[PDB]
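Presented below is the structure to which this report refers.
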Amino acid sequence: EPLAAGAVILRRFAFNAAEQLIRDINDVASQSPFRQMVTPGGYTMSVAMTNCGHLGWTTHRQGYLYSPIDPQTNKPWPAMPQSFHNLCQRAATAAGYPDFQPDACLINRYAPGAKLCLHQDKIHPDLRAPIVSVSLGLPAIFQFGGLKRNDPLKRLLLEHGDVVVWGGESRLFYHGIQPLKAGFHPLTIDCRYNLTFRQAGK
DNA sequence: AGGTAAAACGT
DNA sequence: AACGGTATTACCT
Ligand SMILES: O=C(O)CCC(=O)C(=O)O
Ligand SMILES: [Mn+2]
């Protein structure tokens, strides 16, 4: 059974690419470090984040923003690694979105206990562009709901190499990650990473 | 008028 | 511990 209208899970899709993806996460973060962002209301998120590409997701006192500049370094986010871009395009194509041109990649790092509460990915300049979401490392339980917060959730374990793609009818669906269990993975040791690809600009 | 914060405590 | 309240408003443009 597929995930939803316009949505699919490509299990272990990124497994072969994962070692290089992780090397390139480390390179990105060497330039724009992982940081735990603070919400407009003043709470520090448990997931640590950075970005690459032309636009990075950030919080600010005034809201959420896709920005061309990393507010911590005052420099552009690092260029999107070719490994990231190539994996993203292969996964998008396999999922039925062959024309996707991301300009933004949000890199999440989950330590044990870290979560991401149910939310919608908002800001869609192209209603035909999906979200491509790549899991690395330790396993996590992903929630995928509907257009309204109380719509029933599907709960899916996401393991190393899994890729989730949503878009079209499901582009604005609520989703999140449950608190990460401690464990070991040979390539990330003690964390999970996620890559979220978007077209956030015109 | 219409979008966005809550991507964040009690039962 | 899964579910849902809260934004049932206060601000911006
Ligand atoms: O880590 C995940 O699988 C989900 C990440 C996410 O929803 C986000 O960064 O917007
Ligand atoms: Mn998201």
Side-chain angles (χ1 to χ4, degrees), chain A residues 3-4 7 9 25 28-29 32-72 77 84 88 102-127 129-158 162-167 169-183 191-202:
Chain A
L3 217 205
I9 178 164
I25 287 172
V28 171
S32 278
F34 282 108
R35 83 295 308 265
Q36 299 173 245
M37 293 172 171
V38 186
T39 59
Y43 292 108
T44 298
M45 291 177 71
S46 49
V47 173
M49 293 176 157
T50 188
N51 296 267
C52 58
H54 294 312
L55 293 168
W57 190 80
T58 67
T59 64
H60 221 165
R61 161 150 28 196
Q62 301 100 306
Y64 306 154
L65 183 63
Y66 288 90
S67 180
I69 298 293
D70 178 346
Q72 189 160 295
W77 305 104
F84 280 31
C88 180
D103 60 12
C105 181
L106 171 59
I107 310 183
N108 283 187
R109 180 182 66 205
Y110 299 76
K115 69 172 178 317
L116 200 56
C117 291
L118 216 68
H119 67 276
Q120 298 174 289
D121 272 45
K122 298 167 206 187
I123 303 306
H124 301 271
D126 190 351
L127 310 183
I131 302 201
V132 175
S133 201
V134 177
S135 297
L136 303 151
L138 289 175
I141 302 160
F142 182 62
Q143 304 167 326
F144 202 71
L147 198 55
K148 290 191 294 207
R149 200 278 197 111
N150 295 342
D151 288 334
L153 295 188
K154 286 177 165 195
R155 275 170 178 92
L156 295 177
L157 191 75
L158 296 186
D162 286 355
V163 180
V164 186
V165 182
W166 62 106
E169 288 190 52
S170 56
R171 69 178 168 93
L172 290 172
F173 282 10
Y174 275 96
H175 57 282
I177 295 284
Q178 303 185 182
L180 195 81
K181 194 149 78 87
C191 68
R192 165 174 191 269
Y193 296 111
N194 191 260
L195 311 176
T196 295
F197 294 94
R198 290 208 67 198
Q199 184 195 154
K202 290 315 308 276

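The analysis underlying the following values was restricted to heavy atoms, covering all of them including side chains, and did not include hydrogens, waters or symmetry mates. The chains referred to below are lettered A, B, ... by the order of the sequence lines, with proteins before strands, and numbering in each begins at 1.
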Which whole number of Å gives the distance between the [atom1] atom of [N] and that of [M]?
N      : M     : atom1 : value
B/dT4  : B/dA8 : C1'   : 14 Å
C/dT9  : C/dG5 : P     : 15 Å
C/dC3  : C/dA7 : P     : 23 Å
C/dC12 : B/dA6 : P     : 14 Å

Quickly work out the [X] [atom1] to [N] [atom2] distance and round it to whole Å.
X        : N     : atom1 : atom2 : answer
A/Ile177 : B/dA7 : CD1   : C1'   : 12 Å
A/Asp121 : B/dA7 : CG    : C1'   : 9 Å
A/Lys122 : C/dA7 : NZ    : P     : 15 Å
A/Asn51  : B/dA7 : CG    : P     : 17 Å
A/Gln36  : B/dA8 : CD    : P     : 11 Å
A/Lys148 : C/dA7 : NZ    : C1'   : 17 Å
A/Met37  : B/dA8 : CE    : P     : 12 Å
A/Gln143 : C/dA1 : CD    : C1'   : 12 Å

Can you name the nearest heavy-atom pair linking A/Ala140 to A/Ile177, along with the distance?
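Shortest heavy-atom separation between A/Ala140 and A/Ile177 comes out as CB-CG2, 4.0 Å.
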
Testing the basics here: between A/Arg198 and A/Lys122, what is the closest heavy-atom pair and its distance to 0.1 Å?
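So the minimum-distance heavy-atom pair works out to NH1-O, 2.8 Å.
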
As a test of reading the structure: which of [options] is closest to the side chain of [X], going by heavy atoms?
X        : options             : answer
A/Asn150 : C/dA2, C/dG4, B/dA7 : C/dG4
A/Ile123 : C/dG4, B/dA7, B/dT4 : B/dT4
A/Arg155 : C/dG4, B/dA7, C/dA2 : C/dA2

Look at [X] and [N] and indicate whether a side-chain polar atom (N or O) is within less than 4.0 Å of OP1 or OP2.
X        : N     : result
A/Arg149 : B/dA8 : no
A/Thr39  : B/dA7 : no
A/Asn108 : B/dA7 : no

Select base, sugar-phosphate, or nothing to describe what A/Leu118 touches, counting heavy atoms under 4.0 Å on all strands.
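Contact class for A/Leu118: sugar-phosphate only.
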
Count the heavy atoms of every other residue, nucleotide or ligand shown that sit under 6.0 Å from [atom1] of [X], and state whether that count exceeds 12.
X        : atom1 : value
A/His54  : NE2   : no
A/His60  : NE2   : no
A/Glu169 : CD    : no
A/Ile141 : CD1   : no

Partner nucleotide, any strand, of C/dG4 [Watson-Crick/G-U, under 3.5 Å]:
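By the stated definition (distances under 3.5 Å), B/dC9 pairs with C/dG4.
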
When the aromatic ring centroids of A/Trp57 and A/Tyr64 are compared, is their separation below 6.0 Å?
yes

Would you say the side chains of A/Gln120 and A/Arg171 form a donor-acceptor pair under 3.5 Å?
no

With sequence neighbours excluded, what pairs up with A/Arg35 under the salt bridge (charged side-chain N to carboxylate O under 4.0 Å, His left out) test?
A/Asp70

With a 4.0 Å heavy-atom cut-off, tell me which residues in residues 58-71 of chain A come close to DNA chain B, sorted by residue number.
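Residues of residues 58-71 of chain A under 4.0 Å from DNA chain B: A/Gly63, A/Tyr64.
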
Looking at residues 194-202 of chain A, who's got a heavy atom less than 4.0 Å off DNA chain B?
none

Stacking between A/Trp57 and B/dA7, defined as ring centres under 5.5 angstrom apart with planes under 30°, is that present or not?
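Answer is yes, a stack.
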
Just to confirm a value in my table: C/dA7 sugar, north or south, sign of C1'-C2'-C3'-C4'.
south

Apply the side-chain contact (heavy atoms from CB on, under 4.5 Å) test between A/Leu106 and each candidate in A/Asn51, A/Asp121, A/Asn194; give the one that qualifies.
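Among A/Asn51, A/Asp121, A/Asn194, the one that satisfies the side-chain contact (heavy atoms from CB on, under 4.5 Å) with A/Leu106 is A/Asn51.
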
Residue met sooner reading DNA chain B from 5', once A/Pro40 and A/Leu116 are mapped to nucleotides
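Nearest nucleotide further toward 5': that of A/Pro40.
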
Check the pair A/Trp77 / A/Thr50 against side chain to side chain contact (heavy atoms under 4.5 Å, CB included), numbers first and verdict last.
CA-CA 8 Å; A/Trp77 305 104; A/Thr50 188; 3.8 Å; yes

